[PDB]
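Right, one structure below, let's go through it.
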Amino acid sequence: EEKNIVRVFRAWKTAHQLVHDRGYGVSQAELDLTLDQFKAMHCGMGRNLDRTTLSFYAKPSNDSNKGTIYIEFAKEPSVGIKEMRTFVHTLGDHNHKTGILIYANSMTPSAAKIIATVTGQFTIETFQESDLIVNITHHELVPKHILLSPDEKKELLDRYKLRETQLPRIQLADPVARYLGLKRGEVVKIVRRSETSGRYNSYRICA
DNA sequence: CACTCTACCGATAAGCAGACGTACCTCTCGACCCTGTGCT
């Protein structure tokens, strides 16, 4: 019982960090909470976690072009087509451009088909709770990934006289690509340490 | 308009087979059968 509560708290804080990293607005109070505060703000009198209140949303911080982002934790342990349609409806109602759905156990394939069905209208990204318990970008092995704006990508390609296919590649299913919400064609500048040069800048296109 | 019996395309793995293997060099030694048919 308590284990599920602490797991959902960890996933929820990780989702808040994920939102803040992508460039959306998350108040420092939200980032710097504690387990007890989460219990107070999301658990009932009987301490039973209330999955209705696990959803939140955020606004872009420095790029007003981006739409609002909406994050919801699946009420049912396994997401189905019914809940996928419900989530798409919720996204449409409030005009949320981006939507992240976090489920616990599994998600059906025909439910996944809905993501491609509405890709032209909304961008929907799915996470498993276990994929957000620990923030991977805080790992020592993970170097600093930074999304490049289209102007900076164009600058890089023109400087190296490159084609997008000639850059190193990063998979869309890459954990850090999913953490950063990378779409196909977007380039990430990765800053790394180096035994030889001290610091190194690699560039990977999402593909 | 609550149900529970079959249609579905899905995914699941399942057992399947098929596919691969250091470098360069020196030398020796062994290599079809079976039966028609003209010849004498």
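Below, each value reflects all heavy atoms present in this structure, side chains not excepted, and no hydrogens, waters or symmetry copies. Letters A, B, ... mirror the listed sequences (proteins, then strands); counts begin at 1.
- For B:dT12, the sugar pucker falls north, since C1'-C2'-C3'-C4' comes out positive.
- Judged by the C1'-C2'-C3'-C4' torsion, which is negative here, the sugar of B:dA7 sits on the south, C2'-endo side.
- In this structure, A:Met41 shares a hydrophobic cluster with no other residue, the cluster being traced through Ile, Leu, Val, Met, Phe, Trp and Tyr side chains under 4.5 angstrom apart.
- As rounded to whole Å, 5 Å separates atom P of B:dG10 from atom NZ of A:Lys113.
- Under the 5.5 Å and 30° stacking definition, the step from B:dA23 to B:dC24 qualifies as stacked.
- Distance A:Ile114 CD1 to B:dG10 P: 14 Å, rounded to the nearest Å.
- Residues that satisfy the salt bridge (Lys or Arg N to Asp or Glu O under 4.0 Å) test with A:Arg51, not counting sequence neighbours, are A:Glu129.
- In the model, A:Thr90 has no side-chain atom that pairs as donor or acceptor with a side-chain atom of A:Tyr70 under 3.5 Å.
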Pairs of donor and acceptor atoms involving the side chains of residues 73-84 of chain A, under 3.5 Å and at least two apart or interchain, shall be tabulated with distances.
residue: A:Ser78; atom: OG; partner: A:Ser106; partner atom: O; Å: 3.0
residue: A:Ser78; atom: OG; partner: A:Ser106; partner atom: OG; Å: 2.9

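- With side-chain heavy atoms closer than 4.5 Å counting as contact, directly or through intermediates, the hydrophobic cluster containing A:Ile146 also holds A:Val191.
- Taking A:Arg47 as the reference, A:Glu2 meet the salt bridge (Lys or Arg N to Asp or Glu O under 4.0 Å) condition, with sequence neighbours excluded.
- South is the pucker class for the sugar of B:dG36, given a negative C1'-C2'-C3'-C4' value.
- Sugar pucker at B:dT6: south, on the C2'-endo side, as the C1'-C2'-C3'-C4' dihedral is below zero.
- In B:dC8, the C1'-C2'-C3'-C4' torsion is positive, which places the sugar in the north family.
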- Give the dot-bracket string for DNA chain B, reading 5' to 3', where a pair is Watson-Crick or G-U wobble with both distances under 3.5 Å, ( ) marks pairs inside the strand, [ ] marks pairs crossing earlier ones, | marks a partner on another strand, and . marks unpaired. ........................................

